[PDB]
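# Geometric and topological summary
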Amino acid sequence: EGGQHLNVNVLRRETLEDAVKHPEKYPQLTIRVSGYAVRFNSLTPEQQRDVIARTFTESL
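Residues numbered from 1 in each chain as written, not as in the entry; some residues may be left out. Heavy atoms only, no water.

## Points about the overall build of the protein
Helix and strand content of the protein: two helices and two strands. Counting helices and strands in the order they occur from the N terminus, the protein gives α-β-β-α. With the C-alpha coordinates aligned to their principal axes, the bounding extent of the protein is approximately 45 × 25 × 20 Å. As displayed, the protein has an accessible area near 5,200 Å², and 49% of this comes from carbon and sulfur atoms. Computed over 8 positive and 8 negative side-chain charges, the inter-centroid distance for the protein is 4 Å. (Helix = DSSP H or I, 4+ residues; strand = E, 2+ residues; numbered from the N terminus. Areas by Shrake-Rupley, 256 points an atom, 1.4 Å probe, with all protein chains shown as cover. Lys, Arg positive; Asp, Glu negative; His and termini not counted. Charge placed at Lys NZ, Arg CZ, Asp CG, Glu CD.)

## Section: the pattern of salt bridges
Applying the stated criterion to the full structure yields two salt bridges. With a shortest N-O distance of 3.8 Å, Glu46 and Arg49 are connected by a salt bridge. Here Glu46 pairs with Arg49, and both are found in helix α2 (residues 45-53), just three residues apart, close to one helical turn. The pair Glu46 / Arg49 is uniform in exposure class, with both members exposed. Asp50 serves as the salt-bridge partner of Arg54, at 2.8 Å between the closest nitrogen and oxygen. (Salt bridge = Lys/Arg side-chain N within 4 Å of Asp/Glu carboxyl O. Buried < 20%, exposed > 50% of the residue type's maximum accessible area, 1.4 Å probe, protein only.)

What follows is the structure, given as structure tokens:
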């Protein structure tokens, strides 16, 4: 068969950490959370915790 539907985020975890630090810097930063997209700044601190914690596949 094959997988169906996929959210694609190409980013580094550090960048998100930076975003948490200074939201003013990334006003239009958007990420795919679970089938939809949201501005990073829109999320709650707890909600953000969920995202950063998630797996970031690396090369190899």
